[PDB]
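Engineer: Please see the structure below; I have some questions.
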Amino acid sequence: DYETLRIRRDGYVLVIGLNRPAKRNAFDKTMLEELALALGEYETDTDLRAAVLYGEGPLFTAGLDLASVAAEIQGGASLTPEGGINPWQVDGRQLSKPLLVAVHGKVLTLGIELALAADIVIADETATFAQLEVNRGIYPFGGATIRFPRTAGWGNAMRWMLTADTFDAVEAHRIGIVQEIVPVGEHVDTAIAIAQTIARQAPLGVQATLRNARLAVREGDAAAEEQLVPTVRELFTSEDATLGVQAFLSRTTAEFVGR
Amino acid sequence: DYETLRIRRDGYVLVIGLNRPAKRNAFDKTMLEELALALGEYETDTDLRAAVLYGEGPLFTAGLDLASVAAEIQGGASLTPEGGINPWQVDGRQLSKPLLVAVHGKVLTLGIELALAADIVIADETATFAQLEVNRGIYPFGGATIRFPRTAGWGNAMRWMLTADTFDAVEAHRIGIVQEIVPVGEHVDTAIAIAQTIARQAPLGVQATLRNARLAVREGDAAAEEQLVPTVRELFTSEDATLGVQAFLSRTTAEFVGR
Amino acid sequence: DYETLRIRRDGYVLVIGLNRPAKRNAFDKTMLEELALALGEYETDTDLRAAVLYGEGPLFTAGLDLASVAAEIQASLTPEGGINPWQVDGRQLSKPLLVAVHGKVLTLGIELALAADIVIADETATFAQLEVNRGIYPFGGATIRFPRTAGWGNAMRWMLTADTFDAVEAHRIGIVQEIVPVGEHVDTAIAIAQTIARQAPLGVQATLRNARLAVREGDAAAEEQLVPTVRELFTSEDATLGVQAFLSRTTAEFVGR
């Protein structure tokens, strides 16, 4: 199957490992396209309720392998095959289901932007971060300009985006990019445990949470507000709502089916 | 007056305690409507300058009383009575004057959303929080999908909303939901002290701060910007602007009248 | 000297001090107009890559000198070639602004810090949004930027009360990026400004422009520009000098084109 990704399944959870460790997981054309496919596959697989993305080897990613895609970015060509989804989710399409990102070592450029594109980010204590693009004559073009100021606040984001200075896990956690810092090497297992918790919850409710939250950002408060009660009405209609409410009333544990 | 609310007036500050002791202050139709009315009544009472909301007994609230309400949400009915305002303020109307929420013990589902709907949140050291809606087959439909990501950042919000995991006052404060943590039992008194500070300020100035801030969120930066100077010009016209000027010159505390 | 400002150039970095210490650096009509002109000049001077704004003497600013402007507000205070330093009239700086604060930062001072891109405080800095305490409200952008940066609750705790908060709280809630020992705020801001000035200027400008577009027009608007903008940058001399430095292990001297 995939040349540059290591893929496994742990029940309802997909675990995707960037797997070009000899090249520090730099995104070449192949890994760009494979990650797009893997995430597109994730999107349409109804057996999957959460996905965890991490990197094999010494660090999460060294960023873009420019030569590999010279070429495409110069011509404005897409590195999203049919039926992939841009992993950075900045072309008008986002994932309908949760993505968690587990980071360690250097997280450069596009790596920061991958973490910002996800829903939950876990770092081990070694993680460092650097938005190096302006140091190289360009700028962040994977969504940092949009998402970093929204998560960290404008000032905290610009301190790092304008300078290209390196910042560590403690700082990334302080300013909201990283949700939790764990001991060396535990980032992937911590992210899967959280993914499994997500997978024990009602999938259509999880999906509705992501959907309404995204609508608020894209169309505004009124647009999200207008959907709140109609969406809960539709969910009260699902098998899982009756399962979940009966479990609550019975002080028992619900086994959701995703309909 | 109210069956499920305990209401007191401390000068310019309204103090409202949730009070359904046999059901852990969970919101059924009755308490929903009564809170809606009490807040609509606060809105129109020009002798009131701030409102504090807390929970009687061992917790703030256990959230939504599944049904009671379930049946009536299935069928589309509005639980906001004539004269009332949706306390969660997600139907296109918001309070014109400040709301502070004082929490302690368990703050479940709608309780987190009440805190998010308010202007200032004070927790005692015992407060814990859980966005349990996805654990019950539904999702958060009281505004957490809009407000939690905006306050905490997307990742911090999704860590709790997608998992239904419990988090403590320390986390709640770290991520911006709780403004101050105080010792056990001191939440309501601290919230009232802050409300009384607000009630000492110029009521039209306080209202203008809220109004322009909401405009920015609802219509965008340009819409808010456009009103900045016309609004301050209208305030210079007030009795309170001249009272505030005289206090500035005399280095004394103004007794504002709200016009 | 202007009269109300002390201005100097430190290489690519413009350093502006508010200079009315006998009046607690209150903004009167003159300093409002001088700061507007200096920032307008910063904007069109292609030899400046960053600007640092601080206060001379004991504090950053005591706020507005109302008497000085009362007639005007009750008329624009931006002169020709000027830009509103608070950047709430539909126009913002294209290049970075850092604000270095110490001592009291009252009313419009909080809002200058909020209009900036990076804020450094020394340990003595305290903040008070006093406007509601005086019969009016914050009208220099705090109502927009304070809730966005700090979160609604953290912002309203201070905006609705007029209570004083300190550097540690301003840092906790996102307004201040770093707290430094007493008197080191300007030096630190300048050091960061110099780091900015070593990066590619059209990259720095693109970062600001696209981030502002996201705020003013929305995610789709900003997203649509991402690749067209990087494409244009790849055409620049500085992109070539950047690639030459990476592949040859050297440090680039960018030229801003």
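Chain labels follow the order of the structure tokens: the first chain is A, the next B, and so on; residue numbering restarts at 1 in every chain, and ligands are counted from 1 in their shown order.
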Given a cut-off of 8 Å, which residues of chain C touch chain B, counting only C-alpha atoms, written out as number ranges by chain?

Structural biologist: C: 73-74, 88-90, 131-141, 143-144, 147-148, 150-154, 156-157, 159-162, 173, 215-216

Engineer: Output as a VMD selection string the set of chain B residues within 7 Å of chain A, with distances taken over only C-alpha atoms.

Structural biologist: chain B and resid 73 to 74 90 to 92 134 to 141 145 to 146 153 to 156 158 to 159 162 to 163 218

Engineer: Restricting it to N, CA, C and O atoms, dump the selection as a short mmCIF file (atom, residue, chain, number, x, y, z; two decimals), in the first residue's frame.

Structural biologist:
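Output file result_28.cif is given in full below:
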data_model
loop_
_atom_site.label_atom_id
_atom_site.label_comp_id
_atom_site.auth_asym_id
_atom_site.auth_seq_id
_atom_site.Cartn_x
_atom_site.Cartn_y
_atom_site.Cartn_z
N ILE B 73 -38.26 18.94 22.77
CA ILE B 73 -37.23 19.30 21.80
C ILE B 73 -37.42 18.48 20.52
O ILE B 73 -37.25 19.00 19.43
N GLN B 74 -37.81 17.22 20.66
CA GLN B 74 -38.19 16.39 19.51
C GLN B 74 -39.24 17.06 18.61
O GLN B 74 -39.20 16.89 17.39
N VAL B 90 -28.54 32.34 22.40
CA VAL B 90 -28.16 31.77 21.11
C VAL B 90 -29.30 31.82 20.07
O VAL B 90 -29.27 31.10 19.08
N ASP B 91 -30.31 32.65 20.31
CA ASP B 91 -31.41 32.81 19.35
C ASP B 91 -31.36 34.15 18.63
O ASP B 91 -32.29 34.51 17.93
N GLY B 92 -30.25 34.88 18.76
CA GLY B 92 -30.10 36.17 18.10
C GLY B 92 -30.37 37.37 19.00
O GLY B 92 -30.40 38.49 18.53
N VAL B 134 -21.92 14.53 24.10
CA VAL B 134 -21.60 13.43 23.20
C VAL B 134 -21.62 12.07 23.92
O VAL B 134 -21.78 11.05 23.26
N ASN B 135 -21.50 12.04 25.25
CA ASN B 135 -21.59 10.77 25.99
C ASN B 135 -23.04 10.31 26.13
O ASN B 135 -23.29 9.19 26.49
N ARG B 136 -23.98 11.19 25.84
CA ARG B 136 -25.39 10.90 25.93
C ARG B 136 -26.10 10.83 24.58
O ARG B 136 -27.33 10.80 24.50
N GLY B 137 -25.32 10.71 23.51
CA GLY B 137 -25.89 10.55 22.19
C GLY B 137 -26.27 11.83 21.44
O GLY B 137 -26.75 11.74 20.31
N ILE B 138 -26.05 13.00 22.05
CA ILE B 138 -26.36 14.28 21.40
C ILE B 138 -25.05 15.08 21.22
O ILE B 138 -24.01 14.50 20.92
N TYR B 139 -25.10 16.41 21.35
CA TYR B 139 -23.90 17.25 21.24
C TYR B 139 -24.20 18.56 21.96
O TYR B 139 -25.34 18.76 22.37
N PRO B 140 -23.19 19.43 22.15
CA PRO B 140 -23.48 20.67 22.88
C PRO B 140 -24.24 21.67 22.04
O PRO B 140 -23.70 22.17 21.05
N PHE B 141 -25.48 21.97 22.43
CA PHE B 141 -26.34 22.81 21.59
C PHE B 141 -26.72 24.12 22.26
O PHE B 141 -27.64 24.81 21.82
N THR B 145 -20.20 25.12 21.02
CA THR B 145 -19.53 24.93 19.71
C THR B 145 -19.01 26.23 19.10
O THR B 145 -18.08 26.22 18.30
N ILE B 146 -19.66 27.33 19.46
CA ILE B 146 -19.28 28.65 19.00
C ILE B 146 -18.26 29.26 19.97
O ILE B 146 -17.16 29.66 19.56
N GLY B 153 -9.42 28.50 22.34
CA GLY B 153 -8.73 28.01 21.17
C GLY B 153 -9.38 26.71 20.73
O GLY B 153 -9.94 25.96 21.54
N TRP B 154 -9.28 26.41 19.45
CA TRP B 154 -9.93 25.22 18.90
C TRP B 154 -9.49 23.92 19.61
O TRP B 154 -10.33 23.17 20.06
N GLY B 155 -8.19 23.68 19.68
CA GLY B 155 -7.63 22.46 20.26
C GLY B 155 -8.01 22.24 21.71
O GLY B 155 -8.47 21.17 22.08
N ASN B 156 -7.86 23.27 22.54
CA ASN B 156 -8.28 23.19 23.94
C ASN B 156 -9.77 22.92 24.08
O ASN B 156 -10.17 22.09 24.90
N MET B 158 -11.79 21.43 21.75
CA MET B 158 -12.11 20.09 21.26
C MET B 158 -11.63 18.96 22.18
O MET B 158 -12.28 17.91 22.25
N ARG B 159 -10.52 19.16 22.90
CA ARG B 159 -10.06 18.17 23.88
C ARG B 159 -11.15 17.79 24.87
O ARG B 159 -11.25 16.63 25.26
N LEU B 162 -15.02 16.89 22.55
CA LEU B 162 -15.12 15.68 21.74
C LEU B 162 -15.04 14.41 22.60
O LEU B 162 -15.44 13.32 22.17
N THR B 163 -14.50 14.56 23.82
CA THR B 163 -14.21 13.42 24.71
C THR B 163 -15.22 13.26 25.85
O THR B 163 -15.34 12.17 26.41
N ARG B 218 -20.45 39.84 15.76
CA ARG B 218 -21.59 39.51 14.91
C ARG B 218 -21.48 40.04 13.48
O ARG B 218 -21.97 39.39 12.57
#

Engineer: Skipping near chain neighbours, those fewer than 2 positions away, what residues fall within 12 Å of residue 34 (chain C) using only C-alpha atoms, listed as a PyMOL selection string?

Structural biologist: chain C and resi 1-7+16-19+27-32+36-41+77-85

Engineer: Using N, CA, C and O atoms, can you write the selected residues to a file as a compact mmCIF listing (two decimals), in the first residue's frame?

Structural biologist:
# COMPACT_ATOMS: atom_id res chain seq x y z
N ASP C 1 14.64 64.72 17.63
CA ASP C 1 13.33 65.27 18.11
C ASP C 1 12.29 65.61 17.01
O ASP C 1 12.62 66.17 15.95
N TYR C 2 11.03 65.24 17.27
CA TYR C 2 9.87 66.04 16.85
C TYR C 2 9.75 67.07 18.02
O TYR C 2 10.78 67.61 18.42
N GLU C 3 8.56 67.31 18.60
CA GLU C 3 8.46 67.92 19.93
C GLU C 3 7.94 66.90 20.99
O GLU C 3 8.53 66.73 22.07
N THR C 4 6.86 66.20 20.69
CA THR C 4 6.30 65.23 21.62
C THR C 4 6.85 63.80 21.48
O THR C 4 6.48 62.94 22.27
N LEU C 5 7.74 63.57 20.52
CA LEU C 5 8.33 62.25 20.30
C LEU C 5 9.86 62.36 20.18
O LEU C 5 10.37 63.36 19.66
N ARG C 6 10.57 61.33 20.64
CA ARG C 6 11.99 61.17 20.37
C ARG C 6 12.12 60.00 19.38
O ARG C 6 11.66 58.88 19.65
N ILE C 7 12.71 60.27 18.23
CA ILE C 7 12.75 59.30 17.15
C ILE C 7 14.19 59.05 16.73
O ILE C 7 14.95 59.99 16.52
N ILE C 16 10.57 54.80 18.40
CA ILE C 16 9.76 55.97 18.76
C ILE C 16 9.50 55.99 20.27
O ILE C 16 8.86 55.07 20.80
N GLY C 17 9.99 57.03 20.96
CA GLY C 17 9.59 57.29 22.33
C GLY C 17 8.55 58.40 22.50
O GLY C 17 8.72 59.50 21.98
N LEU C 18 7.47 58.11 23.23
CA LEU C 18 6.51 59.12 23.67
C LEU C 18 7.24 60.00 24.68
O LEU C 18 7.83 59.48 25.62
N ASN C 19 7.17 61.31 24.49
CA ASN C 19 8.11 62.21 25.14
C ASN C 19 7.43 63.45 25.73
O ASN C 19 7.80 64.58 25.44
N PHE C 27 -1.65 61.69 25.60
CA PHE C 27 -1.82 62.08 24.23
C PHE C 27 -2.67 63.34 24.14
O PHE C 27 -3.88 63.31 24.39
N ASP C 28 -2.02 64.45 23.83
CA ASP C 28 -2.74 65.68 23.49
C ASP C 28 -2.88 65.71 21.97
O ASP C 28 -2.34 64.82 21.29
N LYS C 29 -3.54 66.73 21.44
CA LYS C 29 -3.71 66.82 20.00
C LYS C 29 -2.36 66.68 19.27
O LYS C 29 -2.24 65.93 18.30
N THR C 30 -1.33 67.38 19.75
CA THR C 30 -0.02 67.37 19.08
C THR C 30 0.64 65.98 18.99
O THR C 30 1.12 65.61 17.91
N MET C 31 0.68 65.24 20.10
CA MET C 31 1.32 63.92 20.09
C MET C 31 0.50 62.90 19.28
O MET C 31 1.07 62.00 18.66
N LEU C 32 -0.82 63.04 19.31
CA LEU C 32 -1.69 62.20 18.47
C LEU C 32 -1.32 62.39 17.01
O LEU C 32 -1.16 61.42 16.27
N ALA C 36 0.79 59.86 14.53
CA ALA C 36 0.15 59.50 13.27
C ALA C 36 1.07 59.75 12.10
O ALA C 36 1.17 58.91 11.22
N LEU C 37 1.79 60.88 12.09
CA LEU C 37 2.71 61.20 10.99
C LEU C 37 3.93 60.29 10.97
O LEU C 37 4.34 59.84 9.89
N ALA C 38 4.50 60.01 12.14
CA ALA C 38 5.68 59.15 12.23
C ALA C 38 5.39 57.72 11.75
O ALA C 38 6.17 57.14 11.02
N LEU C 39 4.25 57.17 12.17
CA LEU C 39 3.82 55.88 11.67
C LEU C 39 3.49 55.90 10.18
O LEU C 39 3.79 54.94 9.47
N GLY C 40 2.91 57.00 9.68
CA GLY C 40 2.66 57.15 8.25
C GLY C 40 3.96 57.15 7.47
O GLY C 40 4.07 56.56 6.38
N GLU C 41 4.97 57.78 8.04
CA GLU C 41 6.28 57.81 7.40
C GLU C 41 6.97 56.43 7.47
O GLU C 41 7.60 56.02 6.50
N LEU C 77 -8.42 63.25 13.65
CA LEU C 77 -7.14 63.70 14.16
C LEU C 77 -5.96 63.10 13.38
O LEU C 77 -4.83 63.15 13.85
N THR C 78 -6.23 62.52 12.21
CA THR C 78 -5.17 61.95 11.38
C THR C 78 -4.81 62.96 10.31
O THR C 78 -5.63 63.25 9.46
N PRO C 79 -3.58 63.50 10.36
CA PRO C 79 -3.18 64.44 9.31
C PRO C 79 -2.82 63.74 8.01
O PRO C 79 -2.64 62.52 8.00
N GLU C 80 -2.74 64.52 6.92
CA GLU C 80 -2.35 64.02 5.60
C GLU C 80 -0.99 63.35 5.67
O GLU C 80 -0.05 63.89 6.23
N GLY C 81 -0.88 62.17 5.08
CA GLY C 81 0.32 61.37 5.24
C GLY C 81 0.38 60.61 6.56
O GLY C 81 1.29 59.83 6.78
N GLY C 82 -0.58 60.83 7.45
CA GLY C 82 -0.60 60.12 8.74
C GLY C 82 -1.43 58.85 8.65
O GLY C 82 -2.20 58.67 7.73
N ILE C 83 -1.24 57.95 9.61
CA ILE C 83 -2.13 56.83 9.87
C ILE C 83 -2.51 56.84 11.33
O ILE C 83 -1.65 57.05 12.19
N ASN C 84 -3.80 56.60 11.62
CA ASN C 84 -4.29 56.47 13.00
C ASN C 84 -3.48 55.39 13.68
O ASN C 84 -3.52 54.25 13.25
N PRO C 85 -2.71 55.73 14.74
CA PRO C 85 -1.84 54.74 15.39
C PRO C 85 -2.63 53.56 15.94
O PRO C 85 -2.11 52.43 15.97

Engineer: Give the helix (DSSP H, G or I) residues of region 71-253 of chain A, as assigned by DSSP on the backbone, as a VMD selection string.

Structural biologist: chain A and resid 71 to 75 110 to 117 133 to 136 144 to 152 154 to 161 169 to 174 187 to 199 203 to 219 221 to 236 239 to 249

Engineer: So how far away is CA of residue 69 (chain C) from CA of residue 35 (chain C), in Å?

Structural biologist: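 Separation between CA of residue 35 (chain C) and CA of residue 69 (chain C): 14.9 Å.
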
Engineer: Give me, as a VMD selection string, all polymer residues having an atom no more than 12 Å from residue 186 (chain B), counting only C-alpha atoms and skipping those fewer than 4 positions away in the same chain.

Structural biologist: chain B and resid 54 102 to 104 122 to 127 180 to 182 190 to 193

Engineer: Any chance you could list, as a VMD selection string, the residues in region 53-153 of chain B that come up strand (DSSP E or B) when DSSP is run on the backbone?

Structural biologist: chain B and resid 53 to 55 61 64 99 to 103 106 to 108 120 to 124 128 to 130

Engineer: At a cut-off of 12 Å, using only C-alpha atoms, what residues contact residue 18 (chain A)? Leave out same-chain residues fewer than 6 positions from it and give the result as a ChimeraX atom specification.

Structural biologist: /A:2-8,24-28,30-32,34-35,38,52-63,101-103,111,114

Engineer: Quote the spacing between CA of residue 88 (chain B) and CA of residue 188 (chain B) in Å to one decimal place.

Structural biologist: 19.9 Å
